[PDB]
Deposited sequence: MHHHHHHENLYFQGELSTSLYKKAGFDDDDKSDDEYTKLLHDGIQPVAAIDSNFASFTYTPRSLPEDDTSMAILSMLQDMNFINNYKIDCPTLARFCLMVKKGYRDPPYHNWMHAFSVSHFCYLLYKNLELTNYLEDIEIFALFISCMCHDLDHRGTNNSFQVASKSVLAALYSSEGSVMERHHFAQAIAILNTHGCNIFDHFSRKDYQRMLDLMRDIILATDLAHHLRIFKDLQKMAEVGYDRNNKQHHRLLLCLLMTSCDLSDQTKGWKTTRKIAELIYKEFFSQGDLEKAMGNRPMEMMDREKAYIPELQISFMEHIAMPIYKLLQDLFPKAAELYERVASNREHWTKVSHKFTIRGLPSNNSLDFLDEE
């Protein structure tokens, strides 16, 4: 139940050819697209198509068989917990592509900062175990021994797995890069992946909110850092910007994952956080708190920096209103016996 499998320890992706984005879906480059609707078997092809459409394969002379290998490795690098799996990384990468297509990202960040955001989105949760940073420490895992004294245990592990993929035979997509440009990529990936820790978001919100108040700067080497942090978090929480049904399904997956951790903590004789205890958690209230405290403030800041991002904030606020309206038809704590929220 808390046991999540790793599948392991290519020609059919190139013999067919890289697909133009509209052949995947006419609505593929829209904020109304639901990347989770795409069959899992088609996602590797979609990543190639997005890189081809953002003109990253040509601008960096990436070897297509190597890119095909790297994408398959990154995909295989994910376990199967209910939420922190490959489909999550794929949908997060798709939102990065949507930000590129819809917001004028080049007018705010360097091209290398955008290509690193996409590759980081693909890698940001590699080898996630369906448990948070506190559980790593409590279970005295190999990852906590390695990174707990440094902070952000899982995030440092995700970055280490990405680097290990880049050091695998025929998977180094940055192999032709100069030593100066190979190192620039690694550094942006470390900071971008580390920004996915929500504890890091609580620490930089005061700086985020102030940058939104004063206003952004493009020649400023720093401003690009608080922005990369906000944009990475925007991709990570992008399921909140979709329809009510996506938000409902994501709540169902993240709480199924949280409650499995809770049950493991109880089995170790420890008391889990309220939100991870199936006997204490009230999903609608927890979802509304997360939307009010975490998600909405992020999308509101994104709107403050990019006017065209207003539709995203509006959808998050609308989804939160829907959760308040339906809480009446949700009287129980935890999840139903079938682990489904389809009844709402």
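Query raised in the report: What gaps appear when the modelled C-alpha atoms are mapped onto the deposited sequence?
Result: Missing CA coords at 1 to 17, 27 to 35, 371 to 373.
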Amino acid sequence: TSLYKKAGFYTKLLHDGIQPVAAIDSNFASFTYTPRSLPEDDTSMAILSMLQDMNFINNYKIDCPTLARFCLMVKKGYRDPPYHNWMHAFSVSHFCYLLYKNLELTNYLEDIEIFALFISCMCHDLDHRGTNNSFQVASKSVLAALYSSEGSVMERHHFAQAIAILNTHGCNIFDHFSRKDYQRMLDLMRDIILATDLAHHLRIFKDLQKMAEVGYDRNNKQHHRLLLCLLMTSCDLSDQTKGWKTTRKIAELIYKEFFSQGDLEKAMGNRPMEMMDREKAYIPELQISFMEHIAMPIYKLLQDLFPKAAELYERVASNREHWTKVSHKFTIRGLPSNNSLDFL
From here on, numbers count along this sequence of modelled residues.
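Between two forms, the rigid core is defined as the largest C-alpha subset superposing within 1.5 Å.
Requested in this report: Would you say which of 277 to 285 and 312 to 320 moves more relative to the shown form in 9 other deposited structures of this protein, going by RMS C-alpha distance with the core superposed?
Outcome: Between the two stretches, 277 to 285 moves farther in 9 other deposited structures of this protein.
Requested in this report: Give, as the answer, the stretch of 208 to 216 and 223 to 231 that departs more from the shown form in 9 other deposited structures of this protein; the measure is RMS Cα distance after a core fit.
Outcome: Comparing 208 to 216 with 223 to 231, the larger C-alpha deviation in 9 other deposited structures of this protein belongs to 208 to 216.
Query raised in the report: Mean CA B-factor: is it higher for 108 to 116 or for 267 to 275?
Result: Here the higher of the two C-alpha B-factor means belongs to 108 to 116.
Query raised in the report: Would 84 to 92 or 71 to 79 have the larger average of its C-alpha temperature factors, as given in the entry?
Result: So the stretch with the higher mean C-alpha B-factor is 71 to 79.
Report task. Using the entry's values, work out which of 319, 287, 26, 58 has the largest Cα B factor. Result -> By C-alpha B-factor in the record, 58 ranks first.
Query raised in the report: Among 249, 184, 140, 156, where is the Cα temperature factor highest, going by the PDB entry?
Result: Among 249, 184, 140, 156, the PDB entry lists the largest C-alpha B-factor for 184.
Query - residue 282 - which third its CA temperature factor falls in, relative to the rest of the chain - result: For residue 282, the deposited C-alpha B-factor lands in the middle third.
**Report entry** Relative C-alpha B-factor of residue 100, binned into the chain's lowest, middle or highest third
**Finding:** Its C-alpha B-factor, which the entry lists for residue 100, ranks in the middle third among residues of this chain.
Query raised in the report: Relative to the other modelled residues in the chain, which third contains the C-alpha temperature factor of residue 213: lowest, middle or highest?
Result: It belongs to the highest third of the chain when residues are ordered by C-alpha B-factor.
Query raised in the report: Among the chain's modelled residues, which third holds the C-alpha B-factor of residue 259?
Result: Residue 259: CA B-factor falls in the lowest third of its chain.
Report task. Among all modelled residues of this chain, ranked by Cα B factor, put residue 168 in the bottom, middle or top third, i.e. lowest, middle or highest. Result -> Tercile = highest for this residue's CA B-factor.
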